[PDB]
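Please see the structure below; I have some questions.
Every chain is named by a letter (A, B, C, D and E) in the order it is written, and numbering of its residues begins at 1.
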């Protein structure tokens, strides 16, 4: 269960569990992204490591209008055409791997819409604050 | 009324500065398992996308001569050439006293080769046997002041050592796309009438540059880019006659050269597991290598270049004269084809004059008319200075054809005297920087400063 | 115009336009800052790429008191001595290149003032919250 | 002398096999099939995660 | 030397290979004594070797 207290679930101890239980303890997965020491050119080549992919993720998350490496609720409507499935069957008895397998075909459009939604909201807020 | 600061991130701003570029090539080179040029070994697979996006309203200043990209390309090519010869056999036990005699083949005799015999070490470390080989005269030098005509030596051991290029690696020019790293942008002058120095009213942005042929030539430019609208003349300054003038072409000029000798290769093994190739017998009638150009097309191109040059020198006519001369590598048109290095003479080509009287060549009385040139061949090559210049080019069996196109010329002003009415131009080569600068004039590299500030009628919420 | 919808303006498609039109679609300029693959020592040397300059920009922006790679309005007064120009002539018919050329001589003082303004505001807010 | 040259190995270096642990870099994970009756190709009903082999 | 004699140097002559791979000619040079060592136990004072 998740009520261990002092978390020592390892790198991927929560994988394969329910979404609700696996929703917590997400910090350990993100934190453990650094290791290694020098040997030769190839080691330093690989030592770019997550420094590039982590920056990619940070750019994508910040552009969408989210601060902090945690959950972030947006305002984009969920078009039912993508899934058209019951809420209970997804959020209670389904793991992340098969969900990603099912929803792997609709990634570009949602990211594109989220990219401009944050900019629109920021400009509207700037205009509202500048009006006074 | 009152206005306050605001910071913007991602604002597009350009600052010209120095940086390093990457090289990419088409995936066809990667198809070869091994020994396919150097692009597959040293460059990345490319992609034509994205297209060259055009900016709405921009203004910029372009400079061709004051650029460092050509220097970087030269350094990269030099490093690649030096690295490529490391594993190939370097020879060295071959500069022994050679006993050379006149070449007498079964089919006749040849004046451009000598039949040199010498002792070589077998697979045994200390054991020698006699061997023979045919060598070209320019690679043969008398040994000592003692006039003993039976002794000779290679043209070596007075400057530096030598190394033999691998046989499985070819010198074919594969196009290379020079791309910029992230954080920098490539700007392209789309104007086709650009003189070389000055602004362009239509500037685009490009991800990676188009194909660039790393070719080697002194007088003329081999197959490559083509002009868009009409002939354009580029020069650093016409006040000084020492500068090199690069002339482009609206249409190409075909050229074809060949060597029908039909040579064959031998196999001499020296040392542990390494062999040296050389030309042995010759089968078939002895003939002379030659080069072929069309006469009417060349004359039309010369007249077009003359009328284009009349604008800068309207008070003087135009004339062409033979090159300065001197060493073979300087005054001769030196190029490569199929691993064989050809040195042609352009004396029969640059001989004419033009006084503004255009002559039409639409008669086409004899479409088969052509101009022929005689050329020589060398094996020992000193491509550049202080790079381990000496290199040996192994021979190839059969006879070859080197059909190609001409799209540019290098000219130089002659020293005027007595206010002559017919100041001339002469061919003149030099470093490869001039060759490589004619294909990188459009591109410039800029750095992005995304951070900026501006005032606005807004304040921070407390 | 800016009403394309799905933005595909490229890396620098908005350069040379008006400030108001160019104010939007700033995400694409910042996002495209990663590329390359290994060949030799010099390639990996250049592969530091924007990882250093991006971190420089992030440090400068965060120190000033701004979260998110978007606009951020500060409270420093705009001393008219720097420009002393009309608002309309700058924000409607002027591009960023010539504006930066004009205002390139007054960069250090404003950054220095912004560095301490955020710290002062943070300390004041901390004192206000600690007083209760 | 018919194939290639030769070289003599140093005397102070030995050829004894020392075990080597192959570890994965950060951002990647090593999955281990714990089933001892695995034929070589197919799924495993008991999969663990390991830092280094 | 023409001007006299020196005790700290020796006039050593030896054969050296010319630009030709297999051809030798005589050459001479002055070498300091510490860089000169007797060749073998055979006490032939006319033969010497570098300390190498």
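One rule holds in what follows: a contact is a pair of C-beta atoms (placed from the backbone, for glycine too) under 8 Å apart; a residue touches a chain by one contact, two chains touch by 3 or more.
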Of B-D and B-E, whichever chain pair has more C-beta contact pairs: B-E
Centroid distance [mean C-alpha coordinates] between subunit D and subunit B, Å: 49
Between subunit B and subunit E, centroid-to-centroid distance (C-alpha), Å: 51
Inter-centroid spacing, subunit E versus subunit A (mean Cα positions, whole Å): 80
Centre-to-centre distance between subunit E and subunit C (centres being mean Cα positions), rounded to whole Å: 75
Per-residue overlap in subunit C, given as positions that touch at least 2 other chains: 23, 26-27, 30, 34, 69-71, 73
Junction residues of subunit E - those touching two or more other chains: none
Each pair of chains that touches, named by its two labels: A-B, A-C, A-D, B-C, B-D, B-E
Subunit A-touching residues of subunit B, taken from the complex the two chains share: 456-459, 461
Touching residues (chain side subunit C, partner subunit B) in the complex: 9-17, 19, 22-23, 26-30, 32-37, 39-40, 42-43, 45-46, 49-50, 53, 57, 60-61, 64-66, 69-78, 83, 87, 90-91, 95-97, 99-100, 103, 110, 114, 121
Parts of subunit B lying in touch with subunit C, wherever the complex brings them together: 2-14, 19-20, 22, 42-44, 50, 53, 55-58, 181-183, 185, 205, 448-456, 458-460, 462
Touching residues (chain side subunit A, partner subunit C) in the complex: 41, 44-45, 48, 51-52, 55-56, 59, 62-63, 65, 67, 112, 115-116, 118-119, 122-123, 126, 129-130
Subunit D - residues contacting subunit A, complex: 25-27, 29, 49
